[PDB]
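A quick write-up on the structure given underneath.
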Amino acid sequence: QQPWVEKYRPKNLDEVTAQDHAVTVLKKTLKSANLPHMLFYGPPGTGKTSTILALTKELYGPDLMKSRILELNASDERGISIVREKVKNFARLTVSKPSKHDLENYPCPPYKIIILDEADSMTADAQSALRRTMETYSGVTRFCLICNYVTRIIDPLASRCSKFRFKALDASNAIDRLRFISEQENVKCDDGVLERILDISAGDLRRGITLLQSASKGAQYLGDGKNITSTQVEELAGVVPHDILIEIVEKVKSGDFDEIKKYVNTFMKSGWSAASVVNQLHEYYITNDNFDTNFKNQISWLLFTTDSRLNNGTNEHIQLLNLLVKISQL
Amino acid sequence: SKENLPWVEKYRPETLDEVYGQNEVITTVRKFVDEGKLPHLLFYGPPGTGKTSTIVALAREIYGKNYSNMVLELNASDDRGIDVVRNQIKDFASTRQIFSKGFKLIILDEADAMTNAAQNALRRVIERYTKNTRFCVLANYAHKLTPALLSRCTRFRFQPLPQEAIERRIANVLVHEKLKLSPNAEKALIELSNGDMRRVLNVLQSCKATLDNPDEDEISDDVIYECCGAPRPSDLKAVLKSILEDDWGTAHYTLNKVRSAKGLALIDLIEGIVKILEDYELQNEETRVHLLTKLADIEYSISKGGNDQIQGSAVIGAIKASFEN
Amino acid sequence: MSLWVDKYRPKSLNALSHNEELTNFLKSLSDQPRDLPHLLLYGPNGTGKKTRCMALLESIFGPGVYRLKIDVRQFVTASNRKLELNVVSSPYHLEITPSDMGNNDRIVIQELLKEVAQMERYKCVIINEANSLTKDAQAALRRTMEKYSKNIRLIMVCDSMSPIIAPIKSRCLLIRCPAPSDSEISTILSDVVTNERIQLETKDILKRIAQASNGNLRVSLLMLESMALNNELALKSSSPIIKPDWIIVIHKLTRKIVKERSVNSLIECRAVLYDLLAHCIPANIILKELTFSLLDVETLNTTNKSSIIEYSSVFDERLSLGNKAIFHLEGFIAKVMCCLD
Amino acid sequence: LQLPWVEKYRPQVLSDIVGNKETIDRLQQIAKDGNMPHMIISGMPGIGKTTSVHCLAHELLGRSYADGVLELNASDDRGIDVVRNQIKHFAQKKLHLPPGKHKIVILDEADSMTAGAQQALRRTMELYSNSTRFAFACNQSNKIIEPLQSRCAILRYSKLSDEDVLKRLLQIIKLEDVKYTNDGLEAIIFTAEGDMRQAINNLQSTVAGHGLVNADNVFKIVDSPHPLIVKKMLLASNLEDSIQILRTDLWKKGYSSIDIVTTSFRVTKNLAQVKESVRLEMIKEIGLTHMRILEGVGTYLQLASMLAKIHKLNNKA
Amino acid sequence: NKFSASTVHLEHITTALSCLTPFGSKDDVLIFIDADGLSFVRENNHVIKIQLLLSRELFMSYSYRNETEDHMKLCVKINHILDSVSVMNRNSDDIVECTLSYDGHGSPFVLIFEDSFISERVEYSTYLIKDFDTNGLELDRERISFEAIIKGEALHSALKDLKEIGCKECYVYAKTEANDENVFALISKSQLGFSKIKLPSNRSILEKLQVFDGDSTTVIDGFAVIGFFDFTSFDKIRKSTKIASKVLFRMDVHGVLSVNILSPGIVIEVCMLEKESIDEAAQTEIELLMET
Amino acid sequence: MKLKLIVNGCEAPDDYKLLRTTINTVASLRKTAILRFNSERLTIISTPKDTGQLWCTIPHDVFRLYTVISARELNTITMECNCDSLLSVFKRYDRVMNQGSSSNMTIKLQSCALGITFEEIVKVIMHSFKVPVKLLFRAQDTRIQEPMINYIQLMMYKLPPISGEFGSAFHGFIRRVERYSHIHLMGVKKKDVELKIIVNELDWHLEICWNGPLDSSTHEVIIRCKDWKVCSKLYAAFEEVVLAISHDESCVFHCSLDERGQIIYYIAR
Ligand SMILES: Nc1ncnc2c1ncn2[C@@H]1O[C@H](COP(=O)(O)OP(=O)(O)OP(O)(O)=S)[C@@H](O)[C@H]1O
Ligand SMILES: Nc1ncnc2c1ncn2[C@@H]1O[C@H](COP(=O)(O)OP(=O)(O)OP(O)(O)=S)[C@@H](O)[C@H]1O
Ligand SMILES: Nc1ncnc2c1ncn2[C@@H]1O[C@H](COP(=O)(O)OP(=O)(O)OP(O)(O)=S)[C@@H](O)[C@H]1O
Ligand SMILES: Nc1ncnc2c1ncn2[C@@H]1O[C@H](COP(=O)(O)OP(=O)(O)O)[C@@H](O)[C@H]1O
Ligand SMILES: [Mg+2]
Ligand SMILES: [Mg+2]
Ligand SMILES: [Mg+2]
């Protein structure tokens, strides 16, 4: 049918599990017509698009989707002139006329909502041009900005738009949601698979849902009728095994460059992502109580520097080799 | 017209007396218009100060029914090129009176985005046609403006809103809608305002929806901190104390517990720590240098994205290592 | 035909000589093609991720996956600048050619993904080397796979997926394709030489080819091809393992840097670097190869090696944001000479 | 209809113009002789260039300048074709001019005019320099192409000294009959930094907002210039003093971070006491902070880090 | 449908809307719907205002069903409307019918056309968010400087010659004579030099011309009125006077000019704004040169 | 390289011959056009690669004394010339329709130039115009530039030449679209059938529905560009009837039939 990411996408405001504040603010807005401009920000995959879609569904409805809703994304041209003319044209249209059925069933607000996804990748000139359109035309229109980078949005836009932070979907923030998904899709976990999936996931539920779907597909293909274990989700999640991490730490402890370089080459020829290795090494080093404060501070600084270098689109092999060499020489 | 707009565009001032904070600027402009002379007012300041609201209220007060015709509004929303300033501005600032002999006011809102040639044409316009038409320029960045324009325009600085202005506006909002707000929440909003009226109005609108009952209840510190998501000062103090006395284990456990109890962000924690550490007395200045540099690097990395645990441990390690001097 | 890369290519899914864990995983994924989400493959170059993608397409669609269908499409960017892309077509799936420049990459991706989508089964899109995008095409792919996730599937293969943004990695399942061990490469080479019945007295040459290609199937196969055609289809144990001009030039540059450390040596290194860079190549792999060749010198100690790897990482970071590459390459080389001297 | 002091009290003759005695004397001499060739006038804005050109044209021609010249400024369509045609027609249409007089083509703000128009002007000069002469009013002579400046005598206007601005202020005060204070006048001169128009605007604002011109009123209506504050910040010895100055002078006053970075860069370019290595290190740190600000991070922590790194490189342990 | 207007002769509507085409980037017309009829007003940069009035008797099916203050507004584009009616009404004896509809507020402007079993339905969404209302470049009749009535053909030739020659700045002269030798001309200055388009003074095509003393009742002879008008404002009324019978000129001491176009017939009112001041003291030489 | 043919005035084929001029203005505005002279009665000409495909055949059998020969080995010969100069010969020949039947049109292929002989009379005037460039192309380009393509199903038979209002409706679409500066079509199999064209914009909602027209699966929705303005000009075809076909939601053809030859136009998505 459909992947579990899109099949189980929330369609209602009450279907959320962690973002209580923004959802209850929108719910109390449902009985009013004073909805302000909203700035949705947070970690990726926290459901900002799902939240805005659910709010739009409660507000307008499928009949008013095609008349009072405009969505501009990166899938088309987003130049200064095109965005300027389109926003000026749509933010000047009169209030639409709903049918009697729409008014009888759904509460129709007298305004229209403009949604601008991935606003972080928008140029500063476009935002400066859109400032006055947001300000002086806001009588019967509203603008919603969704972006995962707050700093990429300039200061004036952060003032006009209400800041609605989206909390990171941690373990306890999505345990109930994954349990509901597992019961709906008939997925069996032994003790802590869902908790392990949220621990692996970087504060998001979409990656966890994809991992759960992959584990369920693998279990169905295997056909033995057993339950999914933590080792299976760890293997399909790219998690380095504990024995290999222990071997890495032991080889780093020995002060020899040739063996360390050879083992780094042998590890990199396996094609494992360096970010997961960095995270596992960092959590092992902080968790271990056999190190003093100065070593822990130095290794934390080096791990942070290596993580920044890796996130800046550099080579994984060179960065991991440099990080392990720096750790070994502390 | 009312009860159908966001709180930002619901309490917008309509007269000069409704603008608070910049009392000196309001008095000077009132004296200017009482004498009958507009010296090409230029407004500069951070967003949320109220430059455009002040100038629109002033234009309304001067004109009355002539705002529709004699007052021209310009912005970045419409096209502002060399041809636009060459034709439309020249045509508008070349006409006589219609009913009253008052001056012609043209509002150049967010004019810092204009090109250098457009700026030069605009300033040659202001110099030539100054005997009947006085322009007003609004901008937030003075570096994007041609220095010749600043010489021909009277620059007025819009300071951030002080505590008394924020308190007066909060009281005016509370009286209008019959809402009760605790003094502790008032102090928290003063601290969080940072001289911004729009932020205060936006967080006040959302705190109204946070309460189950709009009336017959007050707003405390818990509601304010849960609405916007800013960390509590007690949480920041506890985190700093845990970092200071505990090296890595229980300190990291406390930081993780604090961050996961409510959903705190690393950035807001960073401004909390720098705010509570700015008043610290450190007579070595190497600790200050290391703290500032490492915290700025960590904030830049967070803005570029990364692992939350890695950045949190980086903050802990930087704070511990800098204080070792 | 011409090469063993494409002639004795594994056609069916059951003809894979590598590890069976990945094959079983993708068979589990291909059991229900309707529920298959967007897929992302990461691993070492030359492992054969495209072969796994073709096998998965064979399992889902069936016979007829490999069709030439050469098509030329015209795309127009801002202002006026015509662009050409020799994109390859096929029934039920299409592969994206990333040969276009990174700056003007939004138009081709947007237009062609809209063309494959339309409004309407689903058609799959294979996007190789997704790391070359400047995050704008990455945002375009993100929005396309979010909004239209009803009739489009994206299966991207890449190596060193760190430049790929976090949102894409969250919405795509991670497939790991580790490089085969020396035993599997030796078995594949033995199968090839048994298929063509070529002369082979000692199997040590097969292990030498397997271990000298660093676990790369294409490199090992082409190295076997080069020595076989140059020895009248008769391998010899005394035949040296030949390397391309790339490795010879890199090793000569490393030897010159180690031996001679001077400004004249620096300008000859600059000339060598320009001669290398005149062949439309990225400088990250050149810097990696130079660093690895510098660390292979026996005369160096641990301090010089540590300094070399540290400045190699620093200059790779500098090259990550830099528009040019010669600046960072010469900086790394000069730092290496300063450390060695 | 009260005309502002910048336009009401603008000079109408070259006698009232002060600031550069040698240049005004040269203009008076060349007007008395009447042999005025092409010239280019450049300088910092607000020193009295275009008004000097207008006054010179006035007291050189009179009725002829009033009735039969074509003066073009920046508020016209300065295309190649239209400007070419207009100056070509203006080179013609000669009248019964005195033998020691010639037509003047006033060119105000020519720095933004396209290169093709400069070439057309070159051709117009080389073809009809005998009948008409050209006058250029601009800010810098770099924007004028090289061949144009070879046919003209370039005149440079120096920055006005405090004495000339003070004398003009006293003349305007006597004309307006307004009370003043020597401390207030000194504050006005300090705030102007040699800018005559800015000084006139500040004095007019002080008079119309507070009445008596005093140092306290001037400091209240307008604060100290930011280049001086940034220069004092960069020359601070202790890091805590620099941080306090930065906060209490720009963060509490409402100054954008990017403007602070630009002012710091401008001060470091024109600084002289620091060594070359220190200057280049400060320039590099300012550029790094500027690109950090441009990429999105516009908080006070970046400015504090810039100040800390500047102090660290200044002290050098 | 809250609004009905059936038109058979679309040629009159086509040529009426064709008078608003010289506006660059034509859009944002504030159409007024009233029991008296339909009036179209368009303003460019708040310096020139033109009003085109269509009477109720023009439409054969004017109903105007409403229960309000009889003052309702809508803003749409000009180029859509201008090209909407000009395309049809071709061939012979097609009796094309044009239907106007508007459901009060918030509904698209519906246009229905029928031509030989061929039906269309064109909808125009209105723009009514920040309609500032009020507006109007009107004037008081108590201080009219002078009034003039001239034929459309005579003025159209003057405006057509005024445009192609250039004349970026134009002058309006009005002067009466005790011997009934009234003087009125549209003179201008350009790169050519001085152009004197002297309009006729006889009563054959100049119906009436008198100069007031700011009271609109005290006619005075020998006084001269000089008006400094931009060329862009004159270019808009050139095509309006192309098809007309009588043109009425009226301006006050404040400087605004009201032009009435007569072509029951429809009425077109155009308002213009005088420039800042006379160049140098040209008002002296205009009287001196023309008197010579 | 002997390419010699004679064109003479007649009664019937002149309208077919004068229909050639309308594209020549468009073809000159376009890049160029190709030609393929074959045997004695078959030649194909089209615009090389927008998406301008104009496969159209002309029956040169009625033409007098026409012969093709070249060194292209096979029966197909690549031929290409600039269409801008083709306007001059046709426009000047159109002015002499008053008198003159023996003037003819003598064309000779010599190498680059194609001399055109005229014998107009006002005492006779001889005009010798030469076509500038007749440059050929690669032989392998003939296969890759094959213009023969057609589809079936969903045949719209146009209104027969009885009422002239049908063409004026299409001509109305020509003038309006030029004045504003997507196009959507509808198709139904319910019997005579109805034609519907609808334009969707942000605020411009144009729809045209035909109530009782004489023209002859369903719900064939299609979105295409504004290139159909050319095809409306080809509908004139006063001698015979025109055919139109639209299906597959991506492609549309306009089969203009006149005498033996047929003219089709292809539009992509
Ligand atoms: N509160 C929630 N409850 C349940 N599922 C959720 C919740 N938030 C997110 N999801 C899941 O996350 C997916 C939708 O997340 P998206 O909105 O597409 O991601 P996102 O918020 O747009 O992140 P970006 O745009 O990349 S920054 C679906 O699979 C949802 O089931
Ligand atoms: N002094 C003030 N007193 C009361 N409300 C204020 C004041 N300053 C700002 N506001 C409110 O803040 C809202 C937004 O501020 P604006 O004046 O519209 O914009 P701005 O403050 O000038 O900033 P920029 O430069 O336009 S982004 C106004 O509509 C007011 O409701
Ligand atoms: N020497 C002076 N004496 C008196 N007033 C002066 C003097 N110089 C300038 N001004 C005043 O400066 C104002 C305008 O001078 P301008 O000549 O326009 O400035 P500028 O030096 O030409 O700089 P730009 O390039 O035109 S912005 C008028 O109010 C003059 O009275
Ligand atoms: N399971 C396998 N058994 C044998 N050969 C394989 C297998 N997988 C891949 N190959 C070899 O890999 C080659 C293709 O590699 P390729 O897909 O280009 O690698 P990459 O995807 O890293 O570019 C083929 O020539 C094929 O012989
Ligand atoms: Mg999203
Ligand atoms: Mg503003
Ligand atoms: Mg000047």
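Chain labels A, B, ... are given in the sequence in which chains occur in the structure tokens; within each chain residues are numbered consecutively from 1, and ligands are likewise numbered from 1 in the order shown.
Every residue having at least one atom no farther than 7 Å from ligand 5 is included below, with only C-alpha atoms and all ligand atoms taken into account: residues 48, 49 and 117 of chain A.
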Using only C-alpha atoms, which protein or nucleic acid residues come within 10 Å of stretch 100-108 of chain E? Drop anything in the same chain fewer than 4 positions from it, and give the result as a PDB file with N, CA and C atoms, in the first residue's frame.
ATOM      1  N   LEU A  93      -5.765  38.843  -2.826  1.00  0.00           N
ATOM      2  CA  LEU A  93      -7.054  38.278  -3.197  1.00  0.00           C
ATOM      3  C   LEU A  93      -8.068  38.454  -2.071  1.00  0.00           C
ATOM      4  N   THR A  94      -9.322  38.674  -2.459  1.00  0.00           N
ATOM      5  CA  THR A  94     -10.378  38.899  -1.486  1.00  0.00           C
ATOM      6  C   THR A  94     -10.700  37.609  -0.733  1.00  0.00           C
ATOM      7  N   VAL A  95     -11.512  37.752   0.314  1.00  0.00           N
ATOM      8  CA  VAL A  95     -11.933  36.603   1.106  1.00  0.00           C
ATOM      9  C   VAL A  95     -12.853  35.727   0.269  1.00  0.00           C
ATOM     10  N   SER A  96     -12.573  34.426   0.249  1.00  0.00           N
ATOM     11  CA  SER A  96     -13.371  33.497  -0.534  1.00  0.00           C
ATOM     12  C   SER A  96     -14.767  33.347   0.068  1.00  0.00           C
ATOM     13  N   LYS A  97     -15.672  32.780  -0.728  1.00  0.00           N
ATOM     14  CA  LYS A  97     -17.060  32.598  -0.316  1.00  0.00           C
ATOM     15  C   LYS A  97     -17.336  31.118  -0.093  1.00  0.00           C
ATOM     16  N   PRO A  98     -17.349  30.643   1.150  1.00  0.00           N
ATOM     17  CA  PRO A  98     -17.637  29.228   1.399  1.00  0.00           C
ATOM     18  C   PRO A  98     -19.106  28.908   1.173  1.00  0.00           C
TER      19      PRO A  98
ATOM     20  N   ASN E   1     -28.337  36.512  -8.489  1.00  0.00           N
ATOM     21  CA  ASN E   1     -26.929  36.698  -8.818  1.00  0.00           C
ATOM     22  C   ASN E   1     -26.408  38.022  -8.269  1.00  0.00           C
ATOM     23  N   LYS E   2     -27.315  38.814  -7.693  1.00  0.00           N
ATOM     24  CA  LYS E   2     -27.061  40.103  -7.053  1.00  0.00           C
ATOM     25  C   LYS E   2     -26.570  41.171  -8.025  1.00  0.00           C
ATOM     26  N   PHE E   3     -26.426  40.856  -9.313  1.00  0.00           N
ATOM     27  CA  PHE E   3     -25.980  41.815 -10.316  1.00  0.00           C
ATOM     28  C   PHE E   3     -26.254  41.274 -11.713  1.00  0.00           C
ATOM     29  N   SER E   4     -26.896  42.078 -12.559  1.00  0.00           N
ATOM     30  CA  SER E   4     -27.218  41.670 -13.918  1.00  0.00           C
ATOM     31  C   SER E   4     -27.053  42.855 -14.856  1.00  0.00           C
ATOM     32  N   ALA E   5     -26.433  42.604 -16.012  1.00  0.00           N
ATOM     33  CA  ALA E   5     -26.240  43.649 -17.017  1.00  0.00           C
ATOM     34  C   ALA E   5     -26.062  42.956 -18.367  1.00  0.00           C
ATOM     35  N   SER E   6     -27.062  43.086 -19.233  1.00  0.00           N
ATOM     36  CA  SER E   6     -27.036  42.484 -20.559  1.00  0.00           C
ATOM     37  C   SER E   6     -26.730  43.552 -21.600  1.00  0.00           C
ATOM     38  N   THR E   7     -25.712  43.298 -22.422  1.00  0.00           N
ATOM     39  CA  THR E   7     -25.285  44.233 -23.454  1.00  0.00           C
ATOM     40  C   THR E   7     -25.250  43.515 -24.795  1.00  0.00           C
ATOM     41  N   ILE E  33     -20.437  49.924  -8.439  1.00  0.00           N
ATOM     42  CA  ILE E  33     -21.742  49.420  -8.853  1.00  0.00           C
ATOM     43  C   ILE E  33     -22.803  50.224  -8.115  1.00  0.00           C
ATOM     44  N   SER E  61     -30.730  45.201 -19.074  1.00  0.00           N
ATOM     45  CA  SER E  61     -31.148  44.285 -18.016  1.00  0.00           C
ATOM     46  C   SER E  61     -30.481  44.650 -16.698  1.00  0.00           C
ATOM     47  N   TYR E  62     -30.455  45.940 -16.373  1.00  0.00           N
ATOM     48  CA  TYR E  62     -29.878  46.399 -15.116  1.00  0.00           C
ATOM     49  C   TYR E  62     -30.891  46.208 -13.993  1.00  0.00           C
ATOM     50  N   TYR E  64     -29.611  45.338 -10.205  1.00  0.00           N
ATOM     51  CA  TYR E  64     -28.946  45.811  -8.989  1.00  0.00           C
ATOM     52  C   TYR E  64     -29.760  45.469  -7.738  1.00  0.00           C
ATOM     53  N   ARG E  65     -29.918  44.169  -7.506  1.00  0.00           N
ATOM     54  CA  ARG E  65     -30.583  43.686  -6.303  1.00  0.00           C
ATOM     55  C   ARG E  65     -29.633  43.833  -5.120  1.00  0.00           C
ATOM     56  N   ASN E  66     -30.006  44.671  -4.156  1.00  0.00           N
ATOM     57  CA  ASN E  66     -29.154  44.909  -2.999  1.00  0.00           C
ATOM     58  C   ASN E  66     -30.008  45.403  -1.843  1.00  0.00           C
ATOM     59  N   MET E  72     -20.864  49.764  -3.230  1.00  0.00           N
ATOM     60  CA  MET E  72     -20.139  48.503  -3.196  1.00  0.00           C
ATOM     61  C   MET E  72     -18.963  48.563  -4.161  1.00  0.00           C
ATOM     62  N   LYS E  73     -17.850  47.955  -3.751  1.00  0.00           N
ATOM     63  CA  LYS E  73     -16.573  48.121  -4.430  1.00  0.00           C
ATOM     64  C   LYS E  73     -15.983  46.770  -4.810  1.00  0.00           C
ATOM     65  N   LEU E  74     -15.166  46.782  -5.862  1.00  0.00           N
ATOM     66  CA  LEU E  74     -14.407  45.614  -6.283  1.00  0.00           C
ATOM     67  C   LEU E  74     -13.217  46.090  -7.105  1.00  0.00           C
ATOM     68  N   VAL E  76     -10.288  44.784  -9.822  1.00  0.00           N
ATOM     69  CA  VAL E  76      -9.840  43.774 -10.770  1.00  0.00           C
ATOM     70  C   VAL E  76      -8.845  44.418 -11.730  1.00  0.00           C
ATOM     71  N   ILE E 112     -20.278  36.494 -18.986  1.00  0.00           N
ATOM     72  CA  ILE E 112     -20.852  35.461 -19.841  1.00  0.00           C
ATOM     73  C   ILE E 112     -21.071  36.052 -21.226  1.00  0.00           C
ATOM     74  N   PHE E 113     -20.586  35.351 -22.250  1.00  0.00           N
ATOM     75  CA  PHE E 113     -20.705  35.790 -23.634  1.00  0.00           C
ATOM     76  C   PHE E 113     -21.322  34.670 -24.458  1.00  0.00           C
ATOM     77  N   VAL E 122     -16.182  33.753 -17.862  1.00  0.00           N
ATOM     78  CA  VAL E 122     -14.907  34.296 -17.411  1.00  0.00           C
ATOM     79  C   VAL E 122     -15.093  34.859 -16.011  1.00  0.00           C
ATOM     80  N   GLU E 123     -14.225  34.448 -15.089  1.00  0.00           N
ATOM     81  CA  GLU E 123     -14.303  34.853 -13.692  1.00  0.00           C
ATOM     82  C   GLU E 123     -13.079  35.683 -13.333  1.00  0.00           C
ATOM     83  N   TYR E 124     -13.304  36.801 -12.644  1.00  0.00           N
ATOM     84  CA  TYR E 124     -12.240  37.697 -12.203  1.00  0.00           C
ATOM     85  C   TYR E 124     -12.306  37.823 -10.687  1.00  0.00           C
ATOM     86  N   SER E 125     -11.311  37.271  -9.998  1.00  0.00           N
ATOM     87  CA  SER E 125     -11.254  37.389  -8.548  1.00  0.00           C
ATOM     88  C   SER E 125     -10.870  38.811  -8.156  1.00  0.00           C
ATOM     89  N   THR E 126     -11.600  39.376  -7.201  1.00  0.00           N
ATOM     90  CA  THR E 126     -11.402  40.759  -6.801  1.00  0.00           C
ATOM     91  C   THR E 126     -10.332  40.871  -5.718  1.00  0.00           C
ATOM     92  N   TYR E 127      -9.840  42.094  -5.532  1.00  0.00           N
ATOM     93  CA  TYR E 127      -8.778  42.402  -4.574  1.00  0.00           C
ATOM     94  C   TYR E 127      -9.312  43.455  -3.606  1.00  0.00           C
ATOM     95  N   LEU E 128      -9.780  43.017  -2.441  1.00  0.00           N
ATOM     96  CA  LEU E 128     -10.467  43.889  -1.490  1.00  0.00           C
ATOM     97  C   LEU E 128      -9.932  43.687  -0.078  1.00  0.00           C
TER      98      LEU E 128
ATOM     99  N   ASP F 203      -6.135  34.262 -11.133  1.00  0.00           N
ATOM    100  CA  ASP F 203      -7.407  34.968 -11.117  1.00  0.00           C
ATOM    101  C   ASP F 203      -8.129  34.948 -12.457  1.00  0.00           C
ATOM    102  N   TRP F 204      -7.525  34.375 -13.494  1.00  0.00           N
ATOM    103  CA  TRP F 204      -8.118  34.317 -14.822  1.00  0.00           C
ATOM    104  C   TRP F 204      -8.666  32.915 -15.056  1.00  0.00           C
ATOM    105  N   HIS F 205      -9.990  32.800 -15.123  1.00  0.00           N
ATOM    106  CA  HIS F 205     -10.672  31.518 -15.289  1.00  0.00           C
ATOM    107  C   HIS F 205     -11.485  31.575 -16.579  1.00  0.00           C
TER     108      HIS F 205
END
Enumerate as a count of residues only the residues belonging to chain A that approach chain F to within 10 Å, with only C-alpha atoms taken into account.
5
Counting only C-alpha atoms, which residues of chain D come no farther than 9 Å from chain A, as a ChimeraX atom specification?
/D:295-298
Check which residues fall inside 12 Å of ligand 6 when counting only C-alpha atoms and all ligand atoms, and print them as a compact mmCIF listing (two decimals) with C-alpha atoms, in the first residue's frame.
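That gives us part-v4.txt:
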# COMPACT_ATOMS: atom_id res chain seq x y z
CA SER A 128 12.94 41.70 3.15
CA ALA A 129 10.44 42.09 0.30
CA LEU A 130 7.95 39.81 2.08
CA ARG A 131 8.27 41.71 5.39
CA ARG A 132 5.83 44.47 4.44
CA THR A 133 3.48 42.03 2.69
CA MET A 134 3.34 40.06 5.95
CA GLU A 135 2.86 43.22 8.01
CA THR A 136 0.42 45.56 6.24
CA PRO A 156 12.60 40.96 11.35
CA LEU A 157 10.85 37.74 10.30
CA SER A 159 9.60 39.16 15.31
CA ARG A 160 6.47 39.23 13.12
CA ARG B 12 -0.68 49.17 16.74
CA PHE B 43 14.53 56.54 11.66
CA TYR B 44 17.11 53.92 12.63
CA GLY B 45 16.86 51.09 15.13
CA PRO B 46 16.28 47.38 15.75
CA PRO B 47 13.05 45.73 14.58
CA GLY B 48 10.12 46.04 16.96
CA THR B 49 11.03 49.55 18.15
CA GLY B 50 8.05 51.08 16.35
CA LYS B 51 9.57 53.30 13.66
CA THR B 52 6.92 52.68 10.99
CA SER B 53 4.06 52.77 13.51
CA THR B 54 5.35 56.11 14.82
CA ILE B 55 5.73 57.61 11.35
CA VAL B 56 2.30 56.38 10.21
CA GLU B 73 3.89 54.63 1.03
CA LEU B 74 6.90 52.78 -0.40
CA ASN B 75 8.39 49.46 0.63
CA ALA B 76 10.36 46.45 -0.57
CA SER B 77 7.12 44.64 -1.47
CA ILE B 107 7.54 56.71 3.51
CA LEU B 108 10.66 54.78 2.47
CA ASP B 109 10.21 51.70 4.63
CA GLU B 110 13.07 49.14 4.63
CA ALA B 111 14.94 51.33 2.14
CA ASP B 112 18.29 49.67 2.94
CA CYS B 136 11.12 59.75 5.49
CA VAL B 137 13.60 56.85 5.43
CA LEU B 138 13.25 53.76 7.62
CA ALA B 139 16.03 51.18 7.84
CA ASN B 140 17.62 48.73 10.26
CA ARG B 198 6.41 42.10 18.66
Taking only C-alpha atoms into account, report as a PyMOL selection string which residues of chain B lie within 8 Å of chain A.
chain B and resi 3-9+47-48+75-78+110+113+196+198-199+202-203+206+209-210+226-229+247-249+260+263-264+301+303-307+310-311+313-314+316-318+320-321
